[PDB]
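Since the structure comes first, as structure tokens, the remarks are kept for the end.
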Amino acid sequence: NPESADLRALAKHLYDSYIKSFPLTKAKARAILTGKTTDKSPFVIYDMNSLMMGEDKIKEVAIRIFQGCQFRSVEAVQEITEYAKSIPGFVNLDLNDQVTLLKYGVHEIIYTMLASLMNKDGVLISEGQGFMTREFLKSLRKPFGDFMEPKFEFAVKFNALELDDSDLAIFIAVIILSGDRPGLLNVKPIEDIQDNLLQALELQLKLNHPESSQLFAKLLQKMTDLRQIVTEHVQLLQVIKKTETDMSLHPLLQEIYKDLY
Amino acid sequence: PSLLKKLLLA
Ligand SMILES: C/C(=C1/c2ccc(Cc3c(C4CC4)nc4c(Cl)cccn34)cc2COc2cc(F)ccc21)c1noc(=O)[nH]1
Numbered sequence: 205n206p207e208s209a210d211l212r213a214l215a216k217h218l219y220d221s222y223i224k225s226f227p228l229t230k231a232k233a234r235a236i237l238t239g240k241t242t243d244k245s246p247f248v249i250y251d252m253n254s255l256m257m258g259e260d261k262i275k276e277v278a279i280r281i282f283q284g285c286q287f288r289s290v291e292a293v294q295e296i297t298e299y300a301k302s303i304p305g306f307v308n309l310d311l312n313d314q315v316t317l318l319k320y321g322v323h324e325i326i327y328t329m330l331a332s333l334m335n336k337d338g339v340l341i342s343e344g345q346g347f348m349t350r351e352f353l354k355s356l357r358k359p360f361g362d363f364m365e366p367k368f369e370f371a372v373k374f375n376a377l378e379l380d381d382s383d384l385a386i387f388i389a390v391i392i393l394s395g396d397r398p399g400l401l402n403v404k405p406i407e408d409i410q411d412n413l414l415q416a417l418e419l420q421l422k423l424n425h426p427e428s429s430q431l432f433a434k435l436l437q438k439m440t441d442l443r444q445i446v447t448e449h450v451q452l453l454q455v456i457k458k459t460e461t462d463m464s465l466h467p468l469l470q471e472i473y474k475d476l477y
Numbered sequence: 141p142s143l144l145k146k147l148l149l150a
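For the protein sequence lines, the chains are A and B, in the order given. Count the first sequence with the entry's author numbering and you get residues 205 to 262, 275 to 477, in order. The second sequence begins at 141 in the entry's author numbering and counts up one residue at a time.
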């Protein structure tokens, strides 16, 4: 169709902006995860002894570990915000609608990019200098022990789709421009940008994955999977905040979490 | 006082 060339231009623009916004790309995470790097190997946290061992690079241990994730999530919100501002039309949206889209979208993007840092054995932590084993995460007291298992299963399935950074840039842009987020004031312009991003994604996958049958449909289904993951994420902070009252929360996270209560 | 707004406007 007449828009196909412009859809490749938009695809390239989002890929360039993604490289600009996200230091730790899938390509870098896979290189680290397969020792195809001249970086130093990452430290491996697999037990209580090895976590203390690696203390220098991060109450009750399970809480300290999950509280520790706040620094990475604050950096990720900043990166995602920079990326969102590069999406054509985004900065012209109602500023309150831009806040809403970031508030309801960031965790879905964090779990998406986390899949890039995961294999069936464990997850890259501390900007890629640490590897924390699935097994070690499985061993934390309930409910923490059960929490990451379904995240690892999502990742293995997501990673089996063999998406690259070019694919992911457009996928993430589609998720940001979700017109069904609670409290959006003007949904039409958001769905108009999303519709064009979906056309750009559909064409990206057809050209970049020509033998990957229904890859577009499978990717839309992953966006559904990511919303369930975020519901479970929020349900855990909710459960622990019933017993642990004095818990620290970075102001920026306080804003993202407000009203999900 | 929105921290997301401050990030959005920078
Ligand atoms: C405040 C908080 C979490 C927090 C921190 C991490 C996680 C799950 C998680 C992630 C997600 C991609 C953010 N990534 C990891 C890793 Cl790499 C290891 C262990 C757990 N992880 C979930 C949660 C939600 O539940 C909590 C429960 C607590 F008792 C204490 C803290 C938390 C948080 N940190 O970053 C967030 O986005 N939320």
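Heads up, the beta-carbon is just placed ideally off N, CA and C, and yes, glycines get one too.
Alpha carbon to alpha carbon, how far is residue j from residue i? Give it in angstroms, no decimals.
| i | j | result |
| --- | --- | --- |
| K240 of chain A | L442 of chain A | 30 Å |
| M257 of chain A | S382 of chain A | 37 Å |
| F387 of chain A | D251 of chain A | 35 Å |
| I406 of chain A | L393 of chain A | 6 Å |
| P366 of chain A | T461 of chain A | 27 Å |
| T328 of chain A | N205 of chain A | 30 Å |
| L318 of chain A | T297 of chain A | 7 Å |
| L309 of chain A | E418 of chain A | 24 Å |
| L149 of chain B | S428 of chain A | 40 Å |
| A213 of chain A | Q420 of chain A | 11 Å |
| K216 of chain A | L436 of chain A | 21 Å |
| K261 of chain A | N312 of chain A | 37 Å |
| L237 of chain A | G399 of chain A | 40 Å |
| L211 of chain A | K244 of chain A | 39 Å |
| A385 of chain A | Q415 of chain A | 14 Å |
| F247 of chain A | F352 of chain A | 14 Å |
Within 10 Å of its beta-carbon, does residue i have 16 or more other beta-carbons around it, so buried, or fewer, so exposed?
| i | result |
| --- | --- |
| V293 of chain A | buried |
| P141 of chain B | exposed |
| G361 of chain A | exposed |
| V390 of chain A | buried |
| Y320 of chain A | buried |
| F287 of chain A | exposed |
| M348 of chain A | buried |
| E324 of chain A | buried |
| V322 of chain A | buried |
| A376 of chain A | exposed |
| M364 of chain A | buried |
| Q410 of chain A | buried |
| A233 of chain A | buried |
| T459 of chain A | exposed |
| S332 of chain A | buried |
List the residues that DSSP assigns as beta-bridge partners of residue i.
| i | result |
| --- | --- |
| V315 of chain A | DSSP output for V315 of chain A lists no bridge partner at all. |
| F247 of chain A | A:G346 |
| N335 of chain A | A:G338 |
Is residue i near ligand 2, with its Cβ less than 7 Å from a heavy atom?
| i | result |
| --- | --- |
| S289 of chain A | This structure does not include ligand 2; its bound ligands are ligand 1. |
Are there three or more Cβ pairs, one per stretch, closer than 8 Å when the region 277-288 of chain A is compared with the region 347-359 of chain A?
yes
Where are the alpha helix (DSSP H) runs, 4 residues long or more, that stay fully inside the region 337-381 of chain A, in chain order?
350-354, 360-363 and 365-375
Using 8 Å as the cut-off, can you tell me whether the region 319-338 of chain A makes contact with the region 368-377 of chain A, which would need three or more C-beta pairs spanning the two stretches below that distance?
yes
Does the pairing of the region 217-224 of chain A with the region 302-318 of chain A give three or more beta-carbon distances under 8 Å?
yes
In the region 395-474 of chain A, which residue ranges form an unbroken alpha helix (DSSP H) of at least 4 residues, counting only runs that do not cross its ends?
403-424, 431-456 and 467-473
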